[PDB]
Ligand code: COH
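Only one chain comes next, encoded as structure tokens, the form deposited without this ligand.
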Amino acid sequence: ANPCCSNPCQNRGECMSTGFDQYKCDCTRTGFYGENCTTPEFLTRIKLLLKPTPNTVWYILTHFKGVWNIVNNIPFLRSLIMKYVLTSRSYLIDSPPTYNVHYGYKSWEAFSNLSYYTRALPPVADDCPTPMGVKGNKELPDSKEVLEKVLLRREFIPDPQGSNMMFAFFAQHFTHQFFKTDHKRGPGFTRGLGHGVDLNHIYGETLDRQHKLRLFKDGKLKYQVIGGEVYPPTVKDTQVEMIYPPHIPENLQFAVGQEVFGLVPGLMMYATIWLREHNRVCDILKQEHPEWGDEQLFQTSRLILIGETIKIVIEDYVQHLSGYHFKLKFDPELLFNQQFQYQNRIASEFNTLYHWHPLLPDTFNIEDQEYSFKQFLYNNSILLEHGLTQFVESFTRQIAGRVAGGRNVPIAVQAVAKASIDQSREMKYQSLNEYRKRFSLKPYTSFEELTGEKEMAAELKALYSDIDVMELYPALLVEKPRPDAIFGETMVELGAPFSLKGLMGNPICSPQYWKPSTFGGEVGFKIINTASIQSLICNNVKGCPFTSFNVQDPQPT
């Protein structure tokens, strides 16, 4: 019924119904005009000729290693490139946010209600004939069939880029601070009202939980020492709510910021490292400021760890994931003379695309043990038996799975993967090609162009019939990967805007915050600007073991 169901407006023009069977497109500041915003302005069709494809840019960034070695050592030139990366990626994100799962039009409810995930594309209206608007059949293909035919893993497919379990668990630990779906309300709702990197997974979402976790001395968090090494406090000693099965011992009920981090020993590893890091910074600050009280010590340390996190995510995590030879840079100063909104709202589509289930291996290998999913889940005693040093040594060398390419979702989590498909449909996501156009990509003209092969493409065409009906999430997992890469084109061109915007949109990156006094002086400031994934492990893990997000990296001496 709704005349906008066909998604007629192009180039980010907004569709509005003007009667029962008529629409109008708002082409304001899109660079286009005409009934569907498809006729380019003069300056627009000029930029369209010069603009290189995402695959062309990707090639240049992952080749010519010698040239980039020159660029990386020219500070003014490195700053210029990184500045363009930040601004060009951010422009794809609406800030202030607009639509959500219940609003295909802008409203004050959609803007102010922080319990929603925001939406990069408005949901398909309820009164549309087909799930994707007007194209395709009345029902989408069986999610169970899609899962079994192109998604399930027959044999483990390793990541060509060499991403290890240090990476996989960092990814899950880091993103679980702003990907906290409120399942009481629905998949379109969140419990992370910070909508970004506030480190609530360390300090707790609410003030009540924060105070239960704090020691109220030297600004430190509560802790216990087992075998000479520091671990999170117990549920008994703190009274914070954690999710543990009833058969778990009292001593092993670790209490951390996020309540689900007891699920995996891999998550509790990072929970422990950051806990040590917080208290480490506390003592350093107390050294500089013997006149400070507990409160200022805690708060300043939290700001520093926020800085450390963004520093690490950009210059180590994203750096590895990008595969670029260009040396990325965390420098808030780069945006001081640019137009940029220091705010961010977590998009539902960001949550969906980050469901990197193929990352998980068949077993978790520590020392000479091959723990299964059954053995690994909720077993914190594994962490105490081996210790963090052993965990780092083992996980640095265990490779993770290839996300794109298809048929690599471990069967142990097939229910979670199916849920990602169903909830995607429940939230009325638009098609893959609609999201590709949203992020300046050419739509796929066939299933073969999508997968880059024949066998999986044929299975999908039998299920979907039309390429313009193909769903976003399963496409991301079956998409033809870039040569020797972990991702396809769609994952990067969608993920990058969300990711970089969420990191730089933090208030500590704003000019009024980004100064030494905010972080307790030059010493505290330097902790942020020199932070790295290696230094984090080196300072907080026994023996200062070698670590990296890449199994391919040689360990010296």
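The first residue of the shown sequence is 1; numbering continues from there.
Exercise. State which stretch shows the higher mean Cα B factor in the entry: 340-348 or 390-398.
Key: In the deposited entry, the stretch with the higher C-alpha B-factor mean is 390-398.
Quiz item: Which wins on mean Cα temperature factor, 372-380 or 423-431?
Solution: Of 423-431 and 372-380, the stretch with the higher C-alpha B-factor average is 372-380.
Practice problem: Would you mind checking which of 271, 416, 213, 120 has the top Cα temperature factor in the PDB entry? | Solution: Top of the list by C-alpha B-factor: 416.
Quiz item: Of 303, 260, 86, 284, which one's C-alpha B factor is largest in the deposited record?
Solution: That would be 260, according to the entry.
Quiz item: Is the Cα B-factor recorded for residue 313 in the lowest, middle or highest third of its chain?
Solution: Bottom third by C-alpha B-factor.
Exercise. Name the third of the chain's ranked CA B-factors that contains residue 58, choosing lowest, middle or highest.
Key: For residue 58, whose C-alpha B-factor we compare with every modelled residue in the chain, the answer is the middle third.
Practice problem: Using the B-factor values recorded in the entry, state whether the Cα atom of residue 276 falls in the lowest, middle or highest third among the modelled residues of its chain. | Solution: For residue 276, whose C-alpha B-factor we compare with every modelled residue in the chain, the answer is the lowest third.
Quiz item: Going by the entry, which third of its chain does the Cα temperature factor of residue 22 land in?
Solution: According to the entry, residue 22 has a C-alpha B-factor in the chain's highest third.
Self-check item: Relative C-alpha B-factor of residue 43, binned into the chain's lowest, middle or highest third
Solution: Answer is highest: the recorded C-alpha B-factor places it there.
Another form, the form deposited with this ligand bound, is not on view; read the next lines as being about it.
Quiz item: Any of the heavy atoms of residue 416 lying within 4.5 Å of this ligand in the entry with it bound?
Solution: Yes, residue 416 sits close enough to this ligand in the entry with it bound that at least one of its heavy atoms falls within 4.5 Å.
Quiz item: Might residue 220 be said to contact this ligand in the entry with it bound, defining contact as any heavy atom within 4.5 Å?
Solution: No, residue 220 stays farther than 4.5 Å from this ligand in the entry with it bound.
Quiz prompt | Residue contact check: residue 311 to this ligand in the entry with it bound, 4.5 Å heavy atom | solution = Because no heavy atom of residue 311 falls inside 4.5 Å of this ligand in the entry with it bound, the answer is no.
Quiz item: Does residue 365 reach this ligand in the entry with it bound, with heavy atoms at most 4.5 Å apart?
Solution: No.
Quiz prompt | The single option of 274, 356, 231, 99 touching this ligand in the entry with it bound, heavy atom within 4.5 Å | solution = By the 4.5 Å criterion, the partner-contacting residue is 356.
Quiz item: Which of these residues, 72, 389, 423, 398, gets a heavy atom within 4.5 Å of this ligand in the entry with it bound?
Solution: The residue from 72, 389, 423, 398 that makes the contact is 423.
Self-check item: Candidate stretches 223-231, 277-285, 120-128, 177-185, one within 4.5 Å of this ligand in the entry with it bound by heavy atom
Solution: That would be 177-185.
Exercise. Given this ligand in the entry with it bound, answer whether the residues 268, 536 and 538 all have a heavy atom inside 4.5 Å of it.
Key: Contact check failed for every one of 268, 536 and 538.
Exercise. Sequence order please: the residues of 245-279 with a heavy atom within 4.5 Å of this ligand in the entry with it bound.
Key: Contacting residue: only 264.
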